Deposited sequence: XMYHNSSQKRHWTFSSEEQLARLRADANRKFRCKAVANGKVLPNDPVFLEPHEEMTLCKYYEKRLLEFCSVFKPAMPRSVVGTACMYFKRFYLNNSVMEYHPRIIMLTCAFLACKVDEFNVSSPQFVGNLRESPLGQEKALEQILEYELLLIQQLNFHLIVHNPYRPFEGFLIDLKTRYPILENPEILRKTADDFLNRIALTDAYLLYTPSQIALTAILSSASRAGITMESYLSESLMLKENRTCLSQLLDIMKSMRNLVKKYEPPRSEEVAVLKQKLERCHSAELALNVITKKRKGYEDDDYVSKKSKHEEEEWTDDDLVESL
């Protein structure tokens, strides 16, 4: 259960400033090791974050067309693996593409979504020689990915909390007729919350409730009585502040631009070549 999971303990952070500190630590550590190995080729941490967001979108696209059908749990686990890996590691040491493919591989294995290696690499849109090469790289980096996660592989997603909240709303909140209306739009909000850093800052239940309440507010419906009655004034204020931080995080998010990402891609390839 989440309330005693490793995700709550080691992978939930107090502020995004600490996250930026970890990313800058990784970037400067790679820079120091590289200059020790014997410059305008290096990337700044904000550029690394841009590339990481672009490759998180790439991982989403890879998982969306995967055959056999991949459950939402596997996709969420893979994306959380990507975020956790690139918290403490640089894109200029380990290429993000091989890392996201390894994230999908490890997520499929850990989630008990039994798929063999040949059909997994058959999902890649490459030649059989390229598919064999990609499989070899994935097998090389699987152990490194597991080590960088500190062997914490169980990821608690907000999907089951979302389902439980909908069940509870159907049962105990007769003011809101047809809670299933909230299923679609809140789902959208969840997607957006996935693109931000909130998965490392908050809990899955808070993310699900924030999505539900945002969907209700967008629909023109208030559910403050749900929190006060059905669900402590200090605790309510804490929850409202968490929800406000969630909405601010989703609002301030900016997608990576095509030209910037292309420049960063050629720069990163120069770093790797």
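No C-alpha positions are given for the deposited-sequence stretches 1, 40-44, 238-241, 284-324.
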